[PDB]
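Only one chain comes next, encoded as structure tokens, the form deposited in one PDB entry.
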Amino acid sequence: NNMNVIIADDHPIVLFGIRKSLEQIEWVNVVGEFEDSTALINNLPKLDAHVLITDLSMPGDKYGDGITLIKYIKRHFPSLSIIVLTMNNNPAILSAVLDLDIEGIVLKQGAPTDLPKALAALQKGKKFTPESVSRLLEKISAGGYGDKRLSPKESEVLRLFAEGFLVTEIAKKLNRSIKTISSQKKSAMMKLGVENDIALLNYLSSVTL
């Protein structure tokens, strides 16, 4: 069973690496390489791909990147198997990708064999989870907020935080007190499992909802 593979990453050095690590796998065929999400979504309908190995952070205004792009691929190419290869190791981001029920997550900070092992497992209709992914996924699992989703109010505050506004600007913009905005903000944070402001913005750069 040959597997036709599409690779997507905004760093061409990584694309070369992915091919370099896949050259030893005889049953893998690379039918396309893309560096932004517009080019990827445009070429998906014309290649007959079985698997996508995709990055999370990439350019592309039309279809975006991150969780948004992956959801989009799931809806419109449901038979396509997805493995995410990402440097974005924020537990909240990775738990969000795991929620999408794709065929694997691999970290660029992980082991050199993690990607070929993910593909090997997929050939056997199985899921490979590296330890490096498992560890920080258990942090969010254990804490116990994985089930909960954002309210419209919470989403509203965070969407403006995602365009770089401060708590005092959002209060004025939504016509709410600082106390209310902060309470809404911290409640949203507890749900997403992000413990500080840098973690929150990094989460917000990978989801646009």
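All residue numbers refer to positions in the sequence shown, first residue = 1.
Exercise. Is the mean CA B factor in the deposited entry higher across 11-19 or across 196-204?
Worked result: Looking at the recorded C-alpha B-factors, 196-204 comes out higher on average.
- request: Determine, for stretches 167-175 and 54-62, which one has the higher mean CA B-factor as deposited.
  value: Higher mean C-alpha B-factor in the PDB entry: 167-175.
By the entry's C-alpha temperature factors, tell me which of 81, 89, 95, 123 sits highest.
The record points to 123.
Requested in this report: For the C-alpha B-factor as written in the entry, point me to the maximum among 119, 85, 111, 136.
Outcome: It is 136.
Residue 156, C-alpha B-factor rank within chain (lowest, middle or highest third): It falls in the middle third of the chain.
**Prompt:** Ranked by Cα temperature factor within the chain, is residue 40 in the lowest third, the middle third or the highest third?
**Reply:** It belongs to the lowest third of the chain when residues are ordered by C-alpha B-factor.
* To do: Divide the modelled residues of the chain into thirds by Cα B-factor and specify which third, lowest, middle or highest, holds residue 188.
  => As the PDB entry reports it, the C-alpha B-factor of residue 188 lands in the lowest third of its chain.
Comparing against every modelled residue in the chain, figure out the third that the C-alpha B-factor of residue 47 lands in (lowest, middle or highest).
-> Residue 47: CA B-factor falls in the highest third of its chain.
Check your understanding: Is the Cα B-factor recorded for residue 140 in the lowest, middle or highest third of its chain?
Key -> It belongs to the highest third of the chain when residues are ordered by C-alpha B-factor.
One more form of this protein exists, namely the form deposited in another entry; it is left out here, but the text below deals with it.
Worksheet item: Based on which superposition fits each C-alpha better between the shown form and the other one, do residue 177 and residue 106 belong to the same rigid part?
Response: Looking at the motion between the shown form and the other one, one finds that residue 177 and residue 106 are grouped in opposite rigid parts.
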